[PDB]
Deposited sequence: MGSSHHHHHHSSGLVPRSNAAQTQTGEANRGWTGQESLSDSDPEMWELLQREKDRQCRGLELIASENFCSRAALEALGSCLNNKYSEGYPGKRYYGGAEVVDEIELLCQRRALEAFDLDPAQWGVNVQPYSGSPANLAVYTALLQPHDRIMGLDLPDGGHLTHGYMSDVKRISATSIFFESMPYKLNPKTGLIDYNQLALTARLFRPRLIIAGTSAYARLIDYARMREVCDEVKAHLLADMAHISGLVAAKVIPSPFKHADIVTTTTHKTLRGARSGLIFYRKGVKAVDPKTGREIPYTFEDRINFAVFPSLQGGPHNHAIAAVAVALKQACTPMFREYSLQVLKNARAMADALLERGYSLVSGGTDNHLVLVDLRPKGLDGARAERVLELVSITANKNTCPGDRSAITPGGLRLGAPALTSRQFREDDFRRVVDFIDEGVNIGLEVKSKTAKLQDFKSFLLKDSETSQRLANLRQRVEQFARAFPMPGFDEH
């Protein structure tokens, strides 16, 4: 045994599963707003010998020795991170060791807050993320709601926009130590200047969680939260199109000096994490280099055009969009007017190789959602353009109409799901649409390796 045998020869069962997933991605219309297709260059670093290096600590401050190369790799990733977002190294530092987006947020809370200190994020059914402090009326769900005390702020259901006025009102009463400006299902630009004013009034840190829009921020196609935020967290995948990892940007210099650097770094290690994933760090550095190129600005501009073309196409077919439209990479469809819910439509679309996720509309109470979240980054990476996304909406409309007919023939949601598989005419009607969807999607190029 040498450890140099290929996966194809060593583990054929796992190699086959890799090919099955690769085929599923190539043949499907990927519309999950948080999904992207990572480049082969980054994947080559993700699966590299850098997995074999324990480098606990930070460049120059390592527990072990023999870290001279991974120090260069981590320092280069930091430089490329600051360059990708046009940041002055005298004003901004960055930690590239968070294992993912969720560990990045937990590191910020651990760094800047005491246990049970107060946090305000956008409510989960309103578009906020778990790590912004979600707990139901029955249970603390996110650990951010366990180790810290969270209170959400809400959208204005009439406009579908963040209610910045109610946030200001409630933050004055709740007195949060940190407020999160960042979303998972929000089609509009965040008023970071207004978030900053609220934070300054109540003496709270402003954290910008730009995970969904980080690639758009780097390409300078939407306003940057770095002009207003004290801390900026993000995933390294999603619109950044990198390997799965996290980043913590923090201000340094004159605030009285900023005191984020040492607290943020200490929270990541040794407080929360162990050995860094240097293979992910390198793959992140490869992606950040790509994010600085004119290619990536063209890609991010096309992401905006494709999302607007998808929004326009849906509006012409008689669909309603939460907040009327979109200013970023995703679209929030409200399907309740058309007579279908997000749970039924998401299941029908999934069976025809169209991946979307149901989304709560401002009307419901988190109640099967009557909405759908659609994203452009993944297919735009496959060189989809405006006309291609209009064709995507055509396929979506067929799936919705199939779900409408099954709804008239079924009662509960489980009867709906079972009817899509047991009924013969519905089965073949879905099979025909699935086949037409996959031939269309297979023709587009796919980033990454050929077989896996």
Which ranges of the deposited chain go unmodelled, in order along the sequence? 1-31, 287-295, 407
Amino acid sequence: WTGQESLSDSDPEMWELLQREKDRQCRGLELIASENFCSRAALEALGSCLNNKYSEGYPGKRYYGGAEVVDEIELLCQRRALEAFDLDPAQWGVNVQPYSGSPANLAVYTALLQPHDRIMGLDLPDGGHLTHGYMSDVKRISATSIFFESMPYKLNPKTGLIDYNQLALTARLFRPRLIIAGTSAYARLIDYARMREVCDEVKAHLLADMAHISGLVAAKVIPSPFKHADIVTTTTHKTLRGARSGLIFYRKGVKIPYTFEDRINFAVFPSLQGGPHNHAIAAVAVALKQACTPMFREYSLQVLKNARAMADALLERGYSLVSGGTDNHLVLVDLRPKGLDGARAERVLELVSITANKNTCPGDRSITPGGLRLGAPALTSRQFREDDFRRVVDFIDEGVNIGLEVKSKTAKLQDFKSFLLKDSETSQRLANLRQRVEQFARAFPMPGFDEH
From here on, numbers count along this sequence of modelled residues.
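Superpose the two forms; the largest set of C-alphas matching within 1.5 Å is the rigid core.
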Which segment is farther from the shown form on average in 5 other deposited structures of this protein after a rigid core fit, 277-285 or 367-375, going by CA atoms? 367-375
State which stretch shows the higher mean Cα B factor in the entry: 82-90 or 153-161. 82-90
Would you determine, from the values in the PDB entry, which of 55-63 and 31-39 has the greater average C-alpha temperature factor? 55-63
Select one of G324, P125, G375, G363: the residue whose C-alpha shows the highest B-factor in the crystal structure entry. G363
Name the residue from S224, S100, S320, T144 with the greatest C-alpha temperature factor listed in the entry. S320
Could you say whether, by C-alpha temperature factor, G274 belongs to the lowest, middle or highest third of its chain? middle
Compare the C-alpha B factor of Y186 with those of the other modelled residues in its chain, then answer lowest, middle or highest third. middle
Split into thirds by Cα B-factor across the chain's modelled residues, where does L335 land: lowest, middle or highest? highest
Compare the C-alpha B factor of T368 with those of the other modelled residues in its chain, then answer lowest, middle or highest third. highest
Tell me, lowest, middle or highest third: where does the Cα B factor of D117 rank within its chain? lowest
